[PDB]
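Since the structure comes first, as structure tokens, the remarks are kept for the end.
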Amino acid sequence: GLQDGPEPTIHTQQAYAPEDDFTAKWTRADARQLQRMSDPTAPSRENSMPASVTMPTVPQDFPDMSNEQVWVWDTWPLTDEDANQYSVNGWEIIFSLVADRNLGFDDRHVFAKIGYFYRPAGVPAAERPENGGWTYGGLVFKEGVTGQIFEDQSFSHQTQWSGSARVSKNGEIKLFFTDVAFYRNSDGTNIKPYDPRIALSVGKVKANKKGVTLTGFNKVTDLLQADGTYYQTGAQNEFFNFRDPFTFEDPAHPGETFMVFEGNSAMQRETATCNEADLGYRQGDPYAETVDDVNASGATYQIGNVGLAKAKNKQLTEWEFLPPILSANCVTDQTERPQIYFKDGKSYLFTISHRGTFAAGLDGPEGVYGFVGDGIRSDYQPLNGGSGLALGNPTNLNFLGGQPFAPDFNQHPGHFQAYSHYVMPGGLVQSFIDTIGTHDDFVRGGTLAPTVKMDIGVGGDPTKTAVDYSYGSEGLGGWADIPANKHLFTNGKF
Ligand SMILES: OC[C@H]1O[C@](O)(CO)[C@@H](O)[C@@H]1O
Ligand SMILES: OC[C@H]1O[C@](O)(CO)[C@@H](O)[C@@H]1O
Ligand SMILES: OC[C@H]1O[C@](O)(CO)[C@@H](O)[C@@H]1O
Ligand SMILES: OC[C@H]1O[C@](O)(CO)[C@@H](O)[C@@H]1O
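First residue of the sequence shown? That's 39 in PDB author numbering, and the numbers climb one at a time after it.
Set out below in structure tokens:
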């Protein structure tokens, strides 16, 4: 099922110490496996990617989870150190990026705020309302709280971007998020590079038959900002990426807490260079590229990475940067919302990427990219023939991808059907709808897609994944289905 092309880079999956300076590479040889898996003959508007690594097609006639109260995108459940998802006092609880529904959908990122939703626990997806049955609890933060941490109070915009939320046995919520200040002119041009920081706010859940409210979240702790040695700063790159904290405990490292997040490789933007390891070709491969050609191609502007940090105290208020665990130099600018998923003694690193963010020479669908190894720092093996693709939107890779605000004439109408995928226990994947439809008949989402099922480690092979098309209806589960697998009871009432 593979078009002729380069062999994938040999990865060993060998574990290293979390403190080691080893950084796994998702190589150009690896990423070129995506084109090899693509069917070059796929007709207009048909998916060219294998069905087993393609998200089931989402109906253009979709429900809205908030009844159009707000735009909703990146969503996370309430988790413990093993990423189990929780209900509290009979309520499933989630956090989402939200914005005023009056905004143009594409203008919402600089008005982003974290809200929460709740719904009764223990109702099967088929018994719930079509739209998932969530209640919008409103915003997590009072106005002016998240601005606390910024010395420069001259920002034109101040937002809360994605993260994660930990719940203790005693009902305490530690919300890890991206706290962002923007310094923009009225047309959007920067006055100085934006300021995204990894941050923490602590609060409490109050829940009974009336619903869920939150208390606390009045103080914000500034945990991490880009350093310039491991993770690219604003001075190195005006549009550097630094966001999306996911915390966890590594079974291999008892009694410590780690965090993954999105960054870029710490290189000056306009003088960034790639090397032989970034290309990752086997000696003599007839399809190998030269370092000079790649460096001349423009691919050097795509230098995303996945970072690691280790907590310095039990309160998780102090963190230490560790070297990056994955770099995609000359492959992609954006490895977003990383998470570490633990299965059968392996460490799965899952991350999301756009189609447009791939480097020159490369191409792949919007969706979930994944990597397996024997430790949180390992010589990670990109999933599915070394390509990295776990779960892509249906995509004809033979035609231009277009944009979510202007779909391409020849593209599959589900090209942008989902983003910010998150892999839940049992391989259930939740995501939000960006765009569904053809070039002249499309709609914007800003609500969650149907939850789907990805089987991880198909056959006896931990490097392989496959969509389960028998799940729900033809592969599509409940709209906005973010089910709890653990249940907590606490003092919090209101
Ligand atoms: O968790 C602390 C332990 O982990 C290490 O730092 C290695 O990753 C060891 O040197 C130490 O015993
Ligand atoms: O809106 C910004 C947020 O959206 C994403 O780009 C994905 O949709 C995240 O990486 C980020 O936290
Ligand atoms: O604890 C069980 C009770 O909690 C709820 O899920 C929410 O209040 C109710 O639907 C149920 O009667
Ligand atoms: O809501 C309409 C349809 O959407 C699904 O969740 C999957 O697309 C089905 O279960 C339902 O029939």
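A virtual CB, placed ideally from N, CA and C, is assigned to each residue, including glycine.
Here's a check: name, in chain order, each residue in its chain whose Cβ is nearer than 8 Å to the Cβ of residue i, leaving out the five neighbours to either side.
i	result
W109	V136, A137, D138, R139, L141, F143, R146 and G484
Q191	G185
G39	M75 and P88
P463	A121, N122, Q123 and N523
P94	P488, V490, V505, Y507, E512, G513 and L514
Can you tell me the Cα-Cα spacing of residue i and residue j, whole angstroms?
i	j	result
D330	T61	22 Å
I474	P432	11 Å
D478	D446	9 Å
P376	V344	7 Å
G254	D493	39 Å
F443	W111	16 Å
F179	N256	7 Å
residue 29	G201	As shown, the chain starts at 39 and ends at 532. That puts residue 29 outside it, with no answer to give.
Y325	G43	6 Å
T528	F214	21 Å
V496	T503	5 Å
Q51	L364	12 Å
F480	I471	12 Å
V205	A80	47 Å
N333	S391	22 Å
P88	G430	9 Å
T370	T267	19 Å
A397	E84	24 Å
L177	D58	40 Å
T311	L514	43 Å
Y507	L400	28 Å
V505	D77	18 Å
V467	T92	12 Å
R482	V183	31 Å
residue 20	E308	The requested residue 20 is not part of the displayed model; the chain covers only 39 to 532.
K381	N223	47 Å
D499	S385	14 Å
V250	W172	11 Å
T476	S511	23 Å
Count the other C-beta atoms from every protein chain shown that fall within 10 angstroms of the C-beta of residue i, then say buried if there are 16 or more, exposed otherwise.
i	result
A164	exposed
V410	buried
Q71	buried
residue 32	The structure shown does not extend to residue 32, since the chain is modelled only from 39 through 532, so no value can be given for it.
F388	buried
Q41	exposed
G402	buried
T395	buried
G405	buried
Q73	buried
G383	exposed
One question on the structure: do residue i and residue j come within less than 7 Å of each other, judged by their Cβ atoms?
i	j	result
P283	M305	no
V96	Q455	yes
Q270	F278	yes
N367	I341	yes
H49	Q274	no
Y156	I131	yes
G439	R393	yes
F220	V148	yes
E294	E374	no
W517	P46	no
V258	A237	yes
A53	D412	yes
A315	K63	yes
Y509	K491	yes
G424	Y407	no
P56	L421	no
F286	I378	yes
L435	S86	yes
For residue i, which residues of its own chain have a beta-carbon under 6 Å away from its beta-carbon, when the five flanking residues on both sides are left out?
i	result
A245	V126, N127, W129 and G530
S104	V110 and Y174
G185	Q196
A522	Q123, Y124, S125, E130 and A159
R281	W199, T216, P234 and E300
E168	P101
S134	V110, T113 and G153
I520	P115, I132 and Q468
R320	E45
To which residues of the same chain is residue i closer than 7 Å at the C-beta, ignoring the five residues directly before and after it?
i	result
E210	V240 and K242
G318	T47, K63, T65, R66, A67 and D68
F193	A219, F220 and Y221
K350	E356, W357 and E358
message: Tell me which residues pass a beta-carbon proximity test against ligand 3: closer than 6 Å to any heavy atom, given in chain order.
response: Near ligand 3, meaning a Cβ closer than 6 Å to any of its heavy atoms, lie the following residues in chain order: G128, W129, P158, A159 and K247.
query: Going along the chain, which residues put their C-beta within less than 6 Å of some heavy atom in ligand 1?
result: Near ligand 1, meaning a beta-carbon closer than 6 Å to one of its heavy atoms, we find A55, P56, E57, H291 and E294.
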